[PDB]
Structures are given as C-alpha cells and as structure tokens.
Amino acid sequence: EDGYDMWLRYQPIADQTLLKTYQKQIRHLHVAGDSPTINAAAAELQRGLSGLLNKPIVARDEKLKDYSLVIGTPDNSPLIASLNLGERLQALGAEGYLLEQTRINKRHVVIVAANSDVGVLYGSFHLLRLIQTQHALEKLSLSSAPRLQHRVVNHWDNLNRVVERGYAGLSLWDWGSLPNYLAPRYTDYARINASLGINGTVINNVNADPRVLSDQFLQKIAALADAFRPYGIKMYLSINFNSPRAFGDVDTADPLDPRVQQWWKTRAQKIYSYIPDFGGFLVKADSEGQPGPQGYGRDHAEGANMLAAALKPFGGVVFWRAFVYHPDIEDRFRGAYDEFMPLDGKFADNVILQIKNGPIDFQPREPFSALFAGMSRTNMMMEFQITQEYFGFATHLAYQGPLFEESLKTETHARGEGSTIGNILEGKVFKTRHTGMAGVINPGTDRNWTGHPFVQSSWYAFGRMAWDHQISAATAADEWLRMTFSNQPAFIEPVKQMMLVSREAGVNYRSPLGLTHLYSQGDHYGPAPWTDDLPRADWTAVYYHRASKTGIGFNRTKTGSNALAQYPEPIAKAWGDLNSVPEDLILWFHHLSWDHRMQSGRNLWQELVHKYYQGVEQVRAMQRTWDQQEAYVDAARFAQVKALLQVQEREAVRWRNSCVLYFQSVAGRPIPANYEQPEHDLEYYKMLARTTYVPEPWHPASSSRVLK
C-alpha cells in the first residue's frame, strides 16, 4: 500500500461470509452501451468487481444472464428501458441514478440506472462503494442526485510545475511531454474525482499565467481535457485579467474598451476550438497585486460581465473570486461584504461569485462569510481549502470534514430559520441560477497524491459534501476508512474519532477562542503571534489579536468596527451579546479583559492557556490511538503515519509554547502550575521561528539560510 490508489482499492472483501454473498449476487456484468463514458463505467466495474469479488468479471453485451449487474440509461440499454422506471428515474435529473435489486425477464439483477451516461458512471462508483464499505445488496433500492451543479476542484499550480501551497509534490501536468504523452496518471486523476462526482477542475494557479491561453498551452490543455472528458470532468482555467496586454495585442485591459471585449471573444473562440465543452474561467482580480478591472477604474461586475459575454455563446461560466481586501480599510473582516453587496444583481447570469467559507483566509475557524447571507440576486459558490496551508502542510494530520460540515450546517438566518449555508448554496433560500462548491486540493506527483495520507480524507469529504452538503464528517470518514484501510469495527471507531478531533486539535494549539492569523508570514508553517511591522497591517498577527496587558480580542460589535451589522439581525444579536456568543468565536467580535470568566469557570487568560495545552494533549492522544491500530494497517502506511504524528506532536508543542509564552509576555500572568512549563523561553522560540525548516518547495522560506 503506497497510496496511489487512494480510496479506490479493489482488494478482495475480507469478511468471507459477506464475500460469498456478493459473489452469489453479482456473477455477470451487463453493459449494452458503448459511449466513452459508459465504457469508462464498464472498465471501472470490471476492475472493481473483479478485485473486490476475487473473480474475473468482464463487461459484456450479451443475452441477459441470471445474477447480473446491469447498467445503463433507457436510451442505451433496452433492458433498463423495459423496466419502465418512469418518473422515479426521471426525477433524478441529469447526473442522478438509481441502484436497485430487481428482476428483468425473470433474471435476478441489480441495476445501475440513470438518465445520462455520466449518471451511470456516478452510480457505478456508488455501487462499488457499497461493496467496498461492506453494505448489503439484498433489497437494495437507493437513488441519489447531486445537490450542487458545479462540483469542482482547484489547483494552484504554476506552469513551472511548482504548486503554491503545495505539499504533495510537483504539479501533475507534465507540460514538457504534452500533448504527446497521455500519461495514465491523468486518467487515474479523472477516476479519483469522478468517484466523488466531481465534475470540473481548474488546473492552474489563480495567480494566473497568461501563457495558458496561448496555442502552445491550449494544445497541451486540450489533451488533458480529452483525458478527463469520459469521466464527466470539464476543464476550467484561471485567467489573467491583463492578458490582452500580455499578448501584446491591446494597450489596455479596460473591460469597457471594445478592443478588449473583442480580444476575449476571439480568445474564447480559440479555446472552444480546442476544447468544445470548456467549462469557463476562474478569476482572481484586484487582490494581492493581481490585475483586475479596478486597475482601469472599473468595478467587478464590469470586469466579470465582459468575460462572461465572451463565454456565453459557448455555454461557459465565470467563477469570479470575491476574495478581495484593500490595504486602506479599517477592518479587513468587513472587506468582501462591503465591496460586493453594492454589486448584487449587477452580475450576468453566467457569472458565479466564488467566496471562501470565511471573510479572512481559510483560518482554522472563521465565522461564515457574510456575503452568503447578503447576496440575494447573484449566483454564489463556496470555496474550501483541502491543502493544509493553515493546518500543517504534509506533516500534521487534520481531517477537514468537520470544518466543511460546520460551515455547511451553519444557520445564517438570511431568510429566517432554515437558512443554512448549504441551503443557500443549493438555491433553496434565494432563487438562483448557478450553484456549486470549489475545493483547493493542490495534490502533486508524490506517490500518494497528497503527501500526508490523511489529506486524502479531506479531498474525499469535500467531494462527498459537494454531492450532498448534509453528509456528515463522520459518515464521510467511516466510508473513507473502510475504503482506504480496513472494515474492522475495532479499527474504524477509534480512528474515526481520531480524525474527527484532529481539526479541533489544530485549532486548539494554534489559535483557539476566536484568535486567528497567528502564523509565520508568509510561509504559514509555524507560529509567529508577535508578527508586526509588515508593509500592510492586515498581514500581521497583532492586527487581529490586539493583545495588551489588560485584554485581548477584536471589537466588531456596534462599539467597534460593527462588522456584526453585516450579518442578519439574529446573528448580530447572538454574537454581540456576551451571554450568547459562542466561546469558539468570541475573540473575533469582542475585546475582553483577561479577567473575564468563561463557561468553564476559568478566566480568559487561564482558558487561553488551557486550550493551547489541550491541543497538544489531543495530538498525543492521537498518537496513542494510532499505535493501537498496528494489527489492522499495512506496515508501510502504519509507519509513515506514526512518524508524521511524531513530527506533528513536536510542532504542536512548538506552537503551544510559542503562543503561550508570547501572550504571557504581553499579559504578564503566570501559566498555572498544573501545566508543564515550556522547555525554553520566548526568545528561544523566536529563534526557532527563524530557523525551523519550512517544508514546502514553493515558499521562499524553505530556502532561508538564517541560522540565528
């Protein structure tokens, strides 16, 4: 087990009684269709069933035999059409499917039925998942359809093949051998994402390189698109707003200039000539120095709509990122809301605003982005981060399912009760045209795709939740563990709980209680809560915590920045009252004296210390849990995870000691005697922050030769 297969491990079912049952139920594989997508489904079922059932199962188009798996749509499988499934099937739409044990012409069968070929593919992966997770097929009758339209992954890959916030190797795309070399890995990438129902990929960095729109690169990108197409995955590209200038074709990129409009129209025509079902563009504009419409005195709708107009005749969409914050504002938290609310309704119907889960930047816990509850006339989609920019690169274990679930199940009160983030995304709150979620996965050429084996679980949960936003982190973890490691109950339960606590542990010894942005800048590996004096205050740590001898926290109530007024009234009320604000968010909204007593009875200083130390204890407990699983996991992955957990524990201690000693230096209060005193002093950990290796190829910090 080297992780290359991820969760698509088709090894013989270990429970011999269950294996025999599956062997009796699925003796043949019947596939009448022959489109590329049906062929991909058939190939997946052949390899998967053959492996899981430990016998040769070959897809055939032959007279139906007793005890067959029969797959297809009414349009390509006369057997399926003969069942007259009618409305029940039709209601599942263009990507849904029905899995059902039934009879056809007196033969015992299990069907994978859908309206479209991609629905057959998705259903086929679910059928395999049922076997992989040891679910019974007897009396099976289950249907499913995705709850979001655009279920996409994002890769922050540079064309040099270095990945920005990439902890899993070089970019998968081997530009030097494209288009000529159609690497098997491109197909395996497509299988991985299609197994989750992911139907789009943005393959290139949002800090966008204009070369992707050149013929040289489009020929390469078209080869990738061709590999992805049978698996239902559309190609998207991040674009550079200044491309007309970069190509030397126009002396401006102003979206109101007719020459610019024409440049993008012509470029779209070129793209669609290479990739006829091209998805569209992802855009990071006017953010962190990236070009945009504001560079020409125009607004984000004028810019987005210009691009959207170019893509509309071809059916493309524009994912326009709302991650924008100008140096000039008083509270970064308020930025996106204040920038985009005036434009609600001004975007074209093929523009979708892509908004991060929170208003800052993927911090271990953030309150929900206010835009989701405010924009009632604009298409929106969520952006989540899987790659562990803020959760420890490839060395810490941090299953992200609980972060995604927490977000999706958050009640916003946008139009009263029931206005959860997931319901908003689905279109059940505000009537909308385009729905979706994007996940920043940043895998690479490492054998196991993700570096840390458990980052696979985060990618898994993302895709499952993009399909059904009400799926819990626990449900996704149970599935992933069974598919990836073992179906043994004694293994599943403790490792599932280990996964479920890992997100909170990462919060606890980095920045609990609503603290945030305490990372070393800009590499983000280790602690630096003392960070100050950067060219912009909102890039520092002190800006956010505002720690002093008297207290800590950032006042965003009516008496401070009043960011709470950007939320619906029930949220503003709940979060603005000390009696109701959740402690896990409190310092986002309140500057509190250190003597404030928390629910536990500890004062705020004591609680801060308690949480930091709790995070380390949680890591140690994870180590003990993992050691107890040796009998159930292959030796190689066992050893790898064990080692990584040791690194994590060392780094968690460094985080805890650095932050506690730093906040102590400001508050001037003792660490209670029942907590182990840090091994060294504050200056020592400032030295460690300057000298501890940063394990990422992209960020310049990994090249830093500082030794003191």
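Quick note: we count residues from 1 along the sequence shown, nothing fancier.
A summary of the deposited B-factors shows that, of 484-492 and 99-107, the stretch with the larger mean C-alpha value is 99-107. Stretches 187-195 and 422-430 differ in mean CA B factor, with 422-430 having the higher one.
Among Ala370, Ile329, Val152, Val507, the highest C-alpha B-factor in the deposited entry belongs to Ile329. Note on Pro293, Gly553, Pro179, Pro364: the highest value goes to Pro293, judged by CA B factor as recorded. Placement of the Cα temperature factor of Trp655 within the chain: lowest third of the modelled residues, per the deposited record.
Annotation for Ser141: C-alpha temperature factor in the highest third relative to the rest of the modelled chain, per the entry.
In the deposited entry, the Cα temperature factor of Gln400 sits in the bottom third of values across the chain's modelled residues. Looking at the C-alpha B-factors along this chain, the one for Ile221 belongs to the lowest third. Residue-level temperature factors show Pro230 in the middle third of its chain, judged at the C-alpha atom.
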